[PDB]
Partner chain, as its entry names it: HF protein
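Here you get one chain, nothing else, as structure tokens; it is the form deposited without the partner chain.
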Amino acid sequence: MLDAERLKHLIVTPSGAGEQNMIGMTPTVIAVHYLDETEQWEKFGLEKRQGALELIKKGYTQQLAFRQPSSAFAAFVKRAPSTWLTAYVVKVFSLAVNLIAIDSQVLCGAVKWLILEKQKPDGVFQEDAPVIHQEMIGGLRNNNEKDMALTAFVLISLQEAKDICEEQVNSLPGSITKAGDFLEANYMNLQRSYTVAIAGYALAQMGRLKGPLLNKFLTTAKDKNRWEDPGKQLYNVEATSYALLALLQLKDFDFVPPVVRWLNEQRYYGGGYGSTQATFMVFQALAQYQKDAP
């Protein structure tokens, strides 16, 4: 269990463009979440909490200033809206709503945007304006298998937001389907552990990771405990966190602990250049694990 004392530096005043605001918003949001879940608030000063909620809220508001008339986000208003960033924002808010109330029109508009504008007939989500801060997108930064990876990223957001936006966005169940579709077809062909992981969780949430697919996923793990590639410690942490989440979704608790172990054993506590995805995923994953710890 990553110790609250070693995390102080994740409560961060969120400043900047539609990206840096999210960069600074990410760690705070996920940290409060961790402490909430792992109960560690008394250890680390109850009164610091109200403090960070306002901080989060601040992030949230500030972000809204970058929302376009389409209900999608780019770094600034002048810029072409970003498929990834929009997806990322939804992802974060969906988690944030556990802590702060949100405006569901903001979020549901964002989703309806991704669906009707950026999903292909075949079911992939297409990126038209790559995010300036390429480092924040985690493992998607790698070119290879990009359709599949970006499609997984969006899906994971749309599922994470599914339960809020279902009545408002009438195309949403269709989209989830059409994406998961696509992921099934190309899943057997994946090369990167990274992609196997993200897409895995994407399809795990969908009860679609089974038979030879579940097999591909599990056997991709190096040492039955981590999803790695010659890239970076961070990709791998990210990749693994997804994988952990995926395992939780299948409920193969019999295979989980050596994974958690590894994640725990990384001496990594969020924060830094490129850290956004690795931070958000690893504490999301780990907390889910606590909730579900039998």
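Rigid core here is just the name for the largest C-alpha set that superposes within 1.5 Å across the two forms. Numbering follows the first chain given and starts at 1.
- Farther on average from this form in 8 other deposited structures of this protein lies stretch 228-236, the comparison being between 228-236 and 245-253 by RMS Cα distance after core superposition.
- Superposing each structure in 8 other deposited structures of this protein on the rigid core shows that the farther-lying of 85-93 and 166-174, by root-mean-square Cα distance, is 166-174.
- The PDB entry records a higher mean C-alpha B factor for 223-231 than for its counterpart among 242-250 and 223-231.
- Two stretches are in play, 207-215 and 82-90, and the higher mean C-alpha B-factor belongs to 207-215.
- Listed residues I198, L95, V169, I176 were ranked by CA B-factor as deposited; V169 comes out on top.
- Ranked against the other modelled residues of its chain, the C-alpha B-factor of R49 as given in the entry falls in the highest third.
- Annotation for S157: C-alpha temperature factor in the lowest third relative to the rest of the modelled chain, per the entry.
- For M188, the recorded CA temperature factor ranks within the middle third of the chain's modelled residues.
- Ranked against the other modelled residues of its chain, the C-alpha B-factor of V12 as given in the entry falls in the middle third.
- Annotation for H33: CA B-factor lies in the lowest third of the chain's modelled residues.
Below, we turn to the form solved in complex with the partner chain, even though it does not appear here.
- Interface membership of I115, defined by any non-hydrogen atom within 4.5 Å of the partner chain in the entry with it bound, is confirmed.
- Under a 4.5 angstroms non-hydrogen atom cutoff, the partner chain in the entry with it bound has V169 among its neighbouring residues.
- Interface membership of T220, defined by any non-hydrogen atom within 4.5 Å of the partner chain in the entry with it bound, is ruled out.
- Interface membership of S82, defined by any non-hydrogen atom within 4.5 Å of the partner chain in the entry with it bound, is ruled out.
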